[PDB]
Ligand SMILES: C#CCOc1ccc([C@@H](N)CC(=O)NS(=O)(=O)OC[C@H]2O[C@@H](n3cnc4c(N)ncnc43)[C@H](O)[C@@H]2O)cc1
């Protein structure tokens, strides 16, 4: 790779390495409960062995219908360790949408919990249902499994909206992001990282593995904490959280003077205004992160430090091992200042859309610039600036 990363390693392999180096460090926090890296890893291994016994294997797609919680993360890690990929199904989606995802994904096994069992019943799911807080796992072996794995194996299928489509992401993209987070944000095991997004929104993937592939601690925010801006600020300050990713629409309601310990604020998913950036960029490192679900994150713009106010907010430059092409309708490259479609190549590109071969071929085209690879057509309008940053301009 152009930029070094842990090539050849799976997500759970990278997590296991952190658990070996930082066994007694806090890995995950939810309300009054927490687990160390060693405890989290052992519990994930016990559940992974149960999942293997039930038949989970390479490119098994496993539904997860759970409340955000420590146990939710145990389940994700266990699916990966068993060799499968997870499909997160937010339990607050409407019943019609849950049923569509279950049917489209063709998953034969759904991981849930006692408080969600009735919803699994009421959506009519006829596959295998594992109620995790009814399974007896404590007696199972806790060592790592070392199942066969390749970086090109599926890691997760996340649905977006035509009809919702299951976007298929492999391990390699997240391995590259481990290296990106450590190089570009300087993430270390000392960091304390909040988890804000729904597990059905791929921001949550970034947040979870930003912590757990670096030895840092992951603080899963409760619904009560998110629902009250003052409670959110108090939680971040009392727990001395150092990194958080937010929608700009949430950030606009927060008070910088009430957050004590953040060193990085990332916004993602929509544009931040220049006045919002100006309000935060001198209190901490403000980062605008852009990307489609089809590659998680594609570009970032960190507001340059110790500079006067900005009047606009670029989406920045491609992250490591990722390439941006701004092209016309004939996929020809445009010069600086010309508006065109933002297209993406790189190690984090999705495999495509689950059981949508024509749509996949339409959106993941042959990369004209790198023979043998694919390039994703985002439908986003953009242009280059002469300083080499990109301006997001809306939809084509
Ligand atoms: C470090 C770190 C993690 O960083 C990220 C960054 C982006 C993502 C996205 N995958 C989140 C997202 O919104 N995905 S989405 O599929 O629901 O929507 C993608 C579209 O949203 C818009 N978008 C998306 N980020 C922007 C933007 N920063 N400005 C302005 N429009 C945007 C563009 O239209 C994208 O094509 C996740 C993690």
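Residue numbers (PDB author numbering): 29 to 189, 193 to 427.
Every residue, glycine too, gets a C-beta built ideally from N, C-alpha and C.
Within 8 angstroms, strictly: CB atoms of residue 320 and residue 286: Translated into the one-based positions of the chain shown, residue 320 becomes position 289. Translated into the one-based positions of the chain shown, residue 286 becomes position 255. No.
CB of residue 147 within 8 angstroms of CB of residue 91, strictly: Translated into the one-based positions of the chain shown, residue 147 becomes position 119. Translated into the one-based positions of the chain shown, residue 91 becomes position 63. No, these two residues do not count as a Cβ contact at 8 angstroms.
CA-to-CA distance, residue 100 to residue 150, given in whole angstroms: For the purposes of this step, residue 150 is taken as residue 122 along the chain shown, with counting starting at 1. For the purposes of this step, residue 100 is taken as residue 72 along the chain shown, with counting starting at 1. So the two alpha carbons sit approximately 21 angstroms from each other.
Closer than 7 angstroms: residue 302 CB and nearest ligand 1 heavy atom: Counted from its first residue, the chain shown places residue 302 at position 271. True, at least one ligand heavy atom lies under 7 angstroms from that Cβ.
Collapsed DSSP secondary structure at residue 190 in the structure displayed: There are no coordinates for residue 190 in this structure, because the numbering of the chain runs from 189 directly to 193.
Nearest candidate by alpha-carbon position, reference residue 180, set 407, 379, 409 and 391: Against the chain shown, residue 180 aligns to sequence position 152. That would be 379, whose Cα lies nearest to the Cα of residue 180.
Outcome for residue 386 when other beta-carbon atoms lying within 10 angstroms are tallied against a minimum of 16: As a position in the chain shown, residue 386 is number 355, starting the count at 1. Result: exposed.
With 16 other Cβ atoms within 10 Å as the buried cut-off, status of residue 211: Position 180 of the chain shown holds residue 211. By the neighbour-count rule (16 or more Cβ atoms within 10 Å), residue 211 is buried.
At least 3 beta-carbon pairs within less than 8 angstroms: the stretch 313 to 327 vs the stretch 257 to 268: no
Three-state class that DSSP yields for residue 227 in the structure shown: In the chain shown, residue 227 corresponds to position 196, counting from 1. Looking at residue 227 - three-state DSSP - the assignment turns out to be coil, as it is neither helix nor strand.
Element boundaries [alpha helix (DSSP H), containing residue 263]: The count along the chain shown starts at 1 and reaches residue 263 at position 232. Unbroken alpha helix (DSSP H) run through residue 263: 260 to 269.
Heavy atom of ligand 1 within 7 angstroms of residue 319 beta-carbon: Mapped onto the chain shown, residue 319 falls at position 288. At least one heavy atom of ligand 1 is nearer than 7 angstroms to the Cβ of residue 319, so yes.
Whether residue 447 touches residue 156 by CB criterion (8 angstroms): In the structure as shown, the chain begins at 29 and stops at 427. Residue 447 is therefore absent and cannot be evaluated.
CB of residue 237 within 8 angstroms of CB of residue 213, strictly: Stepping through the chain shown from its first residue, residue 237 is reached at position 206. Stepping through the chain shown from its first residue, residue 213 is reached at position 182. Not in contact: residue 237 and residue 213 (Cβ atoms no closer than 8 angstroms).
Selected residue, minimal CA-CA separation from residue 283, among 389, 73, 194 and 264: Against the chain shown, residue 283 aligns to sequence position 252. Checked all of 389, 73, 194 and 264; the closest Cα to residue 283 is 264.
C-beta contact flag for residue 293 and residue 277 at 8 angstroms: To locate residue 293, count along the chain shown from 1; it is residue 262. To locate residue 277, count along the chain shown from 1; it is residue 246. Against a cut-off of 8 angstroms, the Cβ pair of residue 277 and residue 293 comes out as no contact.
Heavy atom of ligand 1 within 7 angstroms of residue 423 beta-carbon: Counting from 1 along the chain shown, the entry for residue 423 is found at position 392. Checking every heavy atom of ligand 1 against the Cβ of residue 423, one is found closer than 7 angstroms.
Alpha helix (DSSP H) segments (min. 4 residues) lying fully within the stretch 346 to 425: 388 to 394
Reduced DSSP category for residue 218 - H, G, I as helix; E, B as strand; rest coil: Mapped onto the chain shown, residue 218 falls at position 187. Note: residue 218 maps to coil in three-state DSSP.
Among 288, 350 and 207, the one whose alpha carbon lies nearest that of residue 419: Taking the chain shown and counting its residues from 1, one reaches residue 419 at position 388. Measuring from the Cα of residue 419, the nearest candidate turns out to be 350.
Beta-carbon proximity check, residue 47 vs residue 74, cutoff 8 angstroms: Position 19 of the chain shown, counted from the start, is the residue given in the question as residue 47. Position 46 of the chain shown, counted from the start, is the residue given in the question as residue 74. No, these two residues do not count as a Cβ contact at 8 angstroms.
Residue 237 Cβ short of 7 angstroms to ligand 1 heavy atom set: The residue labelled residue 237 in the question sits at position 206 within the chain shown. Residue 237 Cβ: within cutoff of ligand 1.
Beta-carbon contacts of residue 172 that lie in its chain and below 7 angstroms, excluding the five residues immediately before and after: If you number the chain shown from 1, residue 172 lands on position 144. These residues qualify, in order along the chain: 44 and 73.
Host beta strand (DSSP E) of residue 246 (start-end): What you label residue 246 is simply residue 215 of the chain shown in a count that begins at 1. From DSSP, residue 246 is part of no beta strand (DSSP E); its letter is neither H nor E.
Residue 121 - containing beta strand (DSSP E), residue span: The sequence position of residue 121 within the chain shown is 93, counting from 1. Premise fails: residue 121 is in no beta strand (DSSP E) and is neither H nor E.
Near ligand 1: residue 353 beta-carbon under 7 angstroms from a heavy atom: Against the chain shown, residue 353 aligns to sequence position 322. Residue 353 Cβ: outside cutoff for every heavy atom of ligand 1.
CA-to-CA distance, residue 116 to residue 80, given in whole angstroms: Within the chain shown, residue 80 is the residue found at index 52, counting from 1. Within the chain shown, residue 116 is the residue found at index 88, counting from 1. One C-alpha to the other measures close to 19 angstroms.
C-alpha gap between residue 424 and residue 345, whole angstroms: The residue labelled residue 424 in the question sits at position 393 within the chain shown. The residue labelled residue 345 in the question sits at position 314 within the chain shown. Taking the straight line joining both Cα atoms gives about 10 angstroms.
Proximity below 8 angstroms, CB of residue 118 to CB of residue 230: Translated into the one-based positions of the chain shown, residue 118 becomes position 90. Translated into the one-based positions of the chain shown, residue 230 becomes position 199. Cβ atoms of residue 118 and residue 230: closer than 8 angstroms.
Helix, strand or coil at residue 256 according to DSSP, with G and I counted as helix: Residue numbering aside, residue 256 sits at position 225 when the chain shown is read from its first letter. Helix, per DSSP.
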